[PDB]
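Heads up: the structure comes next, in structure tokens.
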Amino acid sequence: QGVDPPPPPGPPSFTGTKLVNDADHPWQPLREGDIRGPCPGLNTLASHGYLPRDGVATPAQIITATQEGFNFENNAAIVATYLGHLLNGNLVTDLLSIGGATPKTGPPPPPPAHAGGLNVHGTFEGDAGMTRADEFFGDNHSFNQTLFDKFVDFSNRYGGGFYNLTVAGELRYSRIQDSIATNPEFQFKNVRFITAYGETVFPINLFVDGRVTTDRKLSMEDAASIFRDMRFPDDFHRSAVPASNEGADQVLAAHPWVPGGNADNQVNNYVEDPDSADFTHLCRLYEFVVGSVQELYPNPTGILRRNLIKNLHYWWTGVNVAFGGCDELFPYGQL
Ligand SMILES: *[C@@H]1O[C@H](CO)[C@@H](O[C@@H]2O[C@H](CO)[C@@H](O[C@@H]3O[C@H](CO[C@H]4O[C@H](CO[C@H]5O[C@H](CO)[C@@H](O)[C@H](O)[C@@H]5O)[C@@H](O)[C@H](O[C@H]5O[C@H](CO)[C@@H](O)[C@H](O)[C@@H]5O)[C@@H]4O)[C@@H](O)[C@H](O[C@H]4O[C@H](CO)[C@@H](O)[C@H](O)[C@@H]4O)[C@@H]3O)[C@H](O)[C@H]2NC(C)=O)[C@H](O)[C@H]1NC(C)=O
Ligand SMILES: *[C@@H]1O[C@H](CO)[C@@H](O[C@@H]2O[C@H](CO)[C@@H](O[C@@H]3O[C@H](CO[C@H]4O[C@H](CO)[C@@H](O)[C@H](O)[C@@H]4O)[C@@H](O)[C@H](O[C@H]4O[C@H](CO)[C@@H](O)[C@H](O)[C@@H]4O)[C@@H]3O)[C@H](O)[C@H]2NC(C)=O)[C@H](O)[C@H]1NC(C)=O
Ligand code: HEM
Ligand SMILES: CCCCCCCCCCCCCC(=O)O
Ligand SMILES: [Mg+2]
């Protein structure tokens, strides 16, 4: 009949480096029914058993796994997790697929809500990723070797054969240009505009071994291991401090860019969207997503309403800090 969802975990008691690829968290191959998706972080945590190996988890499990496995900073974890859960999870069973649809999330919600997982395109998952292709081309979730070859090429050209912040700036812009030129449905606004800059520094801040204190750069071997194989590097130690999107501002500054998309189902036709969230208007992202949730859940009652109210509040607790203060919205009132 349903779960009563607990508030998110706080930061871990211990926030230093440690071995995370350890005997208790072995890489294992996929079994029948195991779900993986567009996030290499969550994929790796699932494939090492930091998350349930089937790739379906509670918000609380995701937050603790990202903290334990990578030292993802607590508020960043809260912002990402409840965004994903509100839009793509089952609020009654409190389960989120890190990939596509699965009976493992339990009885479906009332449409147009779907609990279809992180693979669902258009409000969270979006275009111009590093190792995943745009949904327009037919597969937004699988590793794409051609795109990884470009990652390697840009690492050779700008990072001495490694991925570093200079490479991130160049690759992000070039990937936007690829999508402008080839994807007539290309969108780069609202949630995606914000998440696309953070995702380009996560490999530097979180995939580079935490024992490396200076000149942080990711080898192509380690990159392939995580992005393709969902496997921690041998002897991997997590970041020595909680971390998330440090340096994302510099990635944007290297090639200033404005939220928008290709208009009128045509390539090379990018039009700015002045109403979109951007990095000096972050609260628009909060308002936009609350609106999206109302479209998914036009008139909830009972346990569904209760769990929506709670999850919206949990998300706001992270957003309020991460975005430097946003007025909380109450689309369904209070408990
Ligand atoms: C991601 O990874 C990449 C790749 O690893 C990494 O790139 C390195 O980035 C750093 C900067 O962040 C680079 O280091 C800097 O290089 C600057 C450019 O150097 C060129 O020009 C120099 C200046 O020349 C003057 O004099 C000549 C006359 O001889 C004249 O023609 C010019 O017009 C000019 O006036 C020159 O010195 C330099 O050449 C030397 O070094 C090369 C070897 O690279 C050698 O072949 C030459 O014979 C010569 O010894 C080169 O041609 C440079 O200006 C800059 O200098 C500043 O800092 C140093 C010390 O910090 C001070 O001494 C100096 O006063 C300056 O203030 C600095 O050295 C580095 O070269 C990149 N490496 C590679 C391989 O690309 C990114 O940083 C990474 N990103 C992150 C975020 O980590
Ligand atoms: C892995 O990921 C890669 C990279 O995203 C996918 O490859 C891309 O696939 C798409 C779809 O086939 C390609 O898009 C098409 O590109 C044509 C132009 O290509 C040239 O120009 C680019 C640079 O701008 C070069 O990189 C490329 O090598 C070519 O020289 C366009 O003409 C096409 O447009 C036509 O169709 C659209 C859609 O209907 C219309 O809007 C247009 O008006 C037009 O008629 C189209 O956009 C894209 O070029 C591919 N990129 C690369 C680098 O290969 C893989 O499919 C994917 N595969 C898997 C399974 O891993
Ligand atoms: C906390 C919960 C998390 C959620 C809900 C989440 C969700 C997502 C989603 C939906 C994408 C696809 C983005 C898109 O196509 O637009 C993505 C990409 C990504 N995530 Fe996660 N993520 C989380 C945590 C993490 C962590 C901890 C890391 C790093 C350790 C990470 C690293 C990445 C990277 C690098 C990408 C880009 C992949 C690519 O472009 O090739 N994420 N994530
Ligand atoms: C891929 C996981 C992250 C997705 C969720 C990120 C949404 C907001 C990112 C941070 C934007 C600025 C906030 C900050 O700097 O603290
Ligand atoms: Mg994507």
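Identifiers for the structure tokens are assigned positionally: chains receive A, B, ... in sequence, residues are indexed from 1 per chain, and ligands are indexed from 1 in the order shown.
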Selection: 10 Å around residue A:263, only C-alpha atoms, excl. self and same-chain fewer than 2 positions, as a ChimeraX atom specification: /A:184-187,260-261,265-272
Take the residues from that selection and write them out as a short mmCIF file (atom, residue, chain, number, x, y, z; two decimals), in the first residue's frame, keeping N, CA and C atoms.
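The result, written out as part_31.cif:
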data_model
loop_
_atom_site.label_atom_id
_atom_site.label_comp_id
_atom_site.auth_asym_id
_atom_site.auth_seq_id
_atom_site.Cartn_x
_atom_site.Cartn_y
_atom_site.Cartn_z
N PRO A 184 18.07 18.03 -34.80
CA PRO A 184 17.07 19.07 -35.01
C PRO A 184 16.17 19.32 -33.80
N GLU A 185 16.16 18.38 -32.84
CA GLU A 185 15.39 18.50 -31.61
C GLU A 185 16.26 18.91 -30.42
N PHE A 186 17.51 19.33 -30.68
CA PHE A 186 18.44 19.70 -29.62
C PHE A 186 17.85 20.76 -28.69
N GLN A 187 17.86 20.45 -27.39
CA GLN A 187 17.43 21.35 -26.32
C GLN A 187 18.58 21.45 -25.32
N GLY A 260 19.00 27.50 -24.53
CA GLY A 260 18.17 27.58 -25.72
C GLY A 260 18.04 26.21 -26.36
N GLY A 261 17.87 26.21 -27.69
CA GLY A 261 17.68 25.00 -28.47
C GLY A 261 17.54 25.30 -29.96
N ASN A 265 12.46 22.37 -35.63
CA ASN A 265 12.85 21.05 -36.09
C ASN A 265 13.90 21.16 -37.19
N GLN A 266 14.86 22.07 -37.01
CA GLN A 266 15.94 22.27 -37.96
C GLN A 266 17.28 22.30 -37.25
N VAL A 267 18.30 21.76 -37.91
CA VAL A 267 19.67 21.87 -37.43
C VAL A 267 20.19 23.28 -37.69
N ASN A 268 21.34 23.60 -37.09
CA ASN A 268 22.01 24.88 -37.18
C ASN A 268 21.02 26.03 -37.03
N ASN A 269 20.15 25.94 -36.02
CA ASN A 269 19.10 26.93 -35.86
C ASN A 269 18.87 27.19 -34.37
N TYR A 270 19.95 27.53 -33.66
CA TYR A 270 19.90 27.63 -32.21
C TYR A 270 19.37 29.00 -31.78
N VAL A 271 18.27 29.01 -31.03
CA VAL A 271 17.64 30.22 -30.51
C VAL A 271 17.72 30.24 -28.98
N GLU A 272 18.13 31.38 -28.42
CA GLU A 272 18.23 31.56 -26.99
C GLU A 272 16.83 31.52 -26.36
#
Per-residue nearest contacts chain A to ligand 2, cut-off 6 Å, using only C-alpha atoms and all ligand atoms, as a tab-separated table:
residue	atom	partner	partner_atom_place_in_ligand_line	distance
A:133	CA	ligand 2	2 (O)	5.0
A:137	CA	ligand 2	11 (C)	5.6
A:144	CA	ligand 2	61 (O)	4.2
A:145	CA	ligand 2	61 (O)	5.9
A:146	CA	ligand 2	1 (C)	5.4
A:147	CA	ligand 2	2 (O)	5.7
A:178	CA	ligand 2	24 (O)	5.9
A:181	CA	ligand 2	24 (O)	5.2
A:182	CA	ligand 2	47 (O)	3.1
A:183	CA	ligand 2	47 (O)	5.4
A:184	CA	ligand 2	41 (O)	4.8
A:266	CA	ligand 2	41 (O)	5.4
A:267	CA	ligand 2	41 (O)	5.3
The distance between atom CA of residue A:47 and atom CA of residue A:82 is 21.7 Å
Within 8 Å of ligand 3 (counting only C-alpha atoms and all ligand atoms), which residues show up? I'd like them as a ChimeraX atom specification. /A:38-42,62-63,66-67,69-72,76-85,98,118-119,121,124-132,134,140-141,143,192,195-196,199-203,206-207,227,244
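Distance check against ligand 4 using only C-alpha atoms and all ligand atoms: of A:239, A:317, A:280, A:13, the minimum falls on A:280.
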Quick check for you: according to DSSP on this backbone, which residues of stretch 41-115 of chain A are classed as strand (DSSP E)? Reply as an MDAnalysis selection string.
chainID A and resid 56:57 96:97
Please identify every polymer residue within 9 Å of ligand 1, using only C-alpha atoms and all ligand atoms, and present the set as a ChimeraX atom specification.
/A:155-167,214-217
Nearby residues (only C-alpha atoms) at most 8 Å from residue A:326, same-chain spacing under 3 positions excluded, as an NGL selection string: :A and (283 or 286 or 319-320 or 323)
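Within the 10 Å cut-off around residue A:309, using only C-alpha atoms and omitting residues fewer than 6 positions from it on the same chain, the listed residues are residues 303, 330, 331, 332, 333, 334 and 335 of chain A.
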Of A:7, A:46, A:93, A:246, the one nearest to residue A:60 when counting only C-alpha atoms is A:7
Checklist entry - If you count only C-alpha atoms, which residues fall within 10 Å of residue A:224, apart from same-chain ones fewer than 2 positions away, as a ChimeraX atom specification? => result /A:131,143,145,148,152,219-222,226-233
Taken to one decimal, the atom CA of residue A:315-atom CA of residue A:25 distance is 28.8 Å
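Shortest atom-to-atom contact with residue A:61 among A:5, A:291, A:29, A:116: A:5, counting only C-alpha atoms.
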